[PDB]
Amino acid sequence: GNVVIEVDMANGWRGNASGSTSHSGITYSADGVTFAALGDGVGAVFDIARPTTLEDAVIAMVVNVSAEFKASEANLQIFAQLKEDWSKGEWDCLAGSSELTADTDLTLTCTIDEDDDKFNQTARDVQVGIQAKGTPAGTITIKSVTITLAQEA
């Protein structure tokens, strides 16, 4: 089959802010990575080390969303972007509030597919993560992230 990358859930993560609200970092636990969903654009990220062949790759995240997050009606966006060339990215993935629940774990997926093949490249690390969108509250826990490339292993 294809190349499968299993992301380390005990090292290498950071809080992230892509909007007008500052983040409060991340917290590691036996269950994975958790962040406080303080506002629109607040999330959690890690880096895929260069070089990358990420076009047509599938990102799958197992997550748990808190009751307060579900009540806030905010959405969840898996995204990826070129580190230090931030506007160049994959911005078309979204899980809306209506499809989330606080009652069980969920698997959210995102396919990277850019018309200019920006994600097949050697120059930059790629920042990948998940962020809240809208007017959020509560917390988000990431248990695992698995990336399946469009390349034979």
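All residue numbers are counted from 1 along the displayed sequence.
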query	finding
Which of 61-69 and 109-117 has higher mean CA B factor, as the PDB entry lists it	109-117
Between 93-101 and 33-41 (mean CA B-factor, as deposited), the higher	93-101
Largest Cα B-factor, entry values, listed residues 141, 24, 20, 131	20
Residue 127 CA temperature factor, ranked by third within the chain	lowest
Residue 135 - which third its CA temperature factor falls in, relative to the rest of the chain	highest
